[PDB]
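Undergrad: experimental structure and sequence below.
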Amino acid sequence: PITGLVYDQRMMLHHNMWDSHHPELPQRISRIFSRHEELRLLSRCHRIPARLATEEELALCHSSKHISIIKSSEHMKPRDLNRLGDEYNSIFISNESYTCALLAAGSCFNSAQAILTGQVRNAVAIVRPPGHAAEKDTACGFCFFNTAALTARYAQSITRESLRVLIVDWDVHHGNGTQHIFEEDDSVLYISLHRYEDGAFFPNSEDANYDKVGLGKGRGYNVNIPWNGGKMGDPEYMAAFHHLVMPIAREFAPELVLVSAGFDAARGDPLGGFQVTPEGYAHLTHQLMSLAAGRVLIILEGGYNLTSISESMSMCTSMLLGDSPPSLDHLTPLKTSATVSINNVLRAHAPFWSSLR
Ligand SMILES: *Nc1ccc2c(C)cc(=O)oc2c1
Ligand SMILES: [K+]
Ligand SMILES: [K+]
Ligand SMILES: [Zn+2]
């Protein structure tokens with residue numbers, strides 16, 4: 001087995017011209033890459049080149065209007081960049097933003113290709129800006145184009161349309177964009193774990209609740225696991241994987257796993273408020289490696305404590321490389337509301353999955 005890694009410092013050029021301290025910082029990716037060097041993980045990986053996604057590739061998931069509007073920002077004056085950015089929910093834009101989003105996407109396409117052609121078994125993508133909040137027709141939540149969603153469709157474009165792709169989204173935020181793009185689609189199983197707080201947590205929509213199970217032929221293929229009323233950590237995420245994520249995923253039998261890997265559920269994250277440990281992420285990564293004959297691609301999404309995300313994503317890469325997984329405490333009692341959450345999701349999805357019955 002070989003593990004691929006893609007990283008390009010050019011993606012640091014996307015920046016906030018009006019608030020240089022905005023948490024979606026350029027140094028998120030450079031700090032993660034540096035940690036891979038410090039831990040001697042980088043040389044253990046096969047380096048995969050970044051590339052620009054093409055406009056035709058963006059059209060796999062996004063409208064021509066949305067593509068054209070974001071493209072138009074590459075040469076805008078500051079005043080217009082500011083005005084355009086303010087038209088979205090939680091977006092900043094610089095002249096380099098469009099190109100960086102193209103690079104984030106193209107890097108993941110190259111990574112998916114390396115996996116599917118057999119050049120590597122699995123891979124990690126240290127990319128920014130993030131993607132999972134980006135919708136077909138709009139930008140949102142620091143995201144312009146939906147990198148993971150696009151990567152699923154790209155993967156299908158070089159194998160077959162119905163290639164089974166599992167997207168596991170453990171960013172602490174709901175991937176509203178990914179849900180919507182695949183809501184009526186039974187070829188892409190979307191499973192998100194996220195803080196919800198009955199709608200008080202970003203992005204503040206009931207679309208993130210457990211009863212949104214998908215639409216039409218996609219009924220059953222959208223699994224929301226929403227957290228309420230508690231500081232969740234390793235026990236809760238481990239239980240969700242044991243009762244929900246893994247039984248459903250095994251029954252789906254994916255041919256490729258994409259992880260929307262935000263590390264903002266990590267201990268120390270200022271936006272997330274949760275306490276998943278780097279061993280917790282390691283455990284989750286090792287679990288997903290049991291699927292799809294190990295074909296797993298880990299795509300950076302959110303995560304804003306620089307030391308936390310650096311250590312957390314490095315531990316995931318360590319697992320992909322075959323290092324020994326952590327033994328954690330599966331007997332620690334869950335926060336009471338987490339049990340309620342897991343039970344609500346189980347009730348919602350039992351009609352669609354025999355493994356839950
Ligand atoms: N959405 C959002 C934007 C900016 C933030 C800062 C600067 C700090 C923080 O703790 O949370 C934020 C959340
Ligand atoms: K999520
Ligand atoms: K789906
Ligand atoms: Zn997030």
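TA: On my side now, so go ahead. Numbering: from 1, shown residues only. Ligands and ions are numbered 1, 2, ... in the order given.
Undergrad: could I get the CA-only coordinates of whatever helix or strand residue 167 lives in as PDB?
TA: If you go by DSSP states H and E, residue 167 is part of strand 165-169. Listed next in PDB are the C-alpha coordinates belonging to strand 165-169 (Å, rounded to 0.1, in the frame of the first residue of the first chain):
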ATOM      1  CA  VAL A 165     -19.200   7.000  -3.300                       C
ATOM      2  CA  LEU A 166     -19.500   7.400   0.500                       C
ATOM      3  CA  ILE A 167     -18.900  10.900   1.800                       C
ATOM      4  CA  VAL A 168     -18.300  11.000   5.500                       C
ATOM      5  CA  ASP A 169     -18.400  14.600   6.800                       C
END
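Undergrad: if you count contacts, what does it end up packed against?
TA: When contacts are defined as 3 or more C-beta pairs under 8 Å, 6 or more residues apart in numbering; DSSP states H and E, strand 165-169 sits against helix 147-157, strand 188-195, helix 246-252, strand 256-261. C-beta coordinates here come from the backbone N, C-alpha and C atoms, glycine included.
Undergrad: make it 7 Å
TA: Counting contacts by 3 or more C-beta pairs under 7 Å, 6 or more residues apart in numbering; DSSP states H and E, strand 165-169 packs against helix 147-157, strand 188-195, strand 256-261.
Undergrad: okay, the next helix or strand after that strand in CSV with CA atoms only?
TA: Per DSSP H and E, the first helix or strand lying C-terminal to strand 165-169 is helix 176-181. Below are the C-alpha coordinates for helix 176-181, written out as CSV (Å, rounded to 0.1, in the frame of the first residue of the first chain):
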residue,chain,number,x,y,z
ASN,A,176,-25.4,22.0,3.7
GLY,A,177,-24.0,22.1,0.1
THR,A,178,-23.1,18.5,-0.1
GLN,A,179,-26.5,17.4,1.3
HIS,A,180,-28.3,19.4,-1.3
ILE,A,181,-26.2,18.4,-4.3
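Undergrad: quick one: contacts of helix 176-181?
TA: 61, 132-136, 140, 143, 146, 148-149, 167, 169, 190, 192, 203, 205, 207, 222, 260 (C-beta atoms under 7 Å, 6 or more residues apart in numbering).
Undergrad: same question, stretch 56-73
TA: If you take C-beta under 7 Å, 6+ apart as the criterion, stretch 56-73 is touched by 55, 81, 84, 93, 97-98, 109, 136-139, 144-146, 149-150, 153-154, 181.
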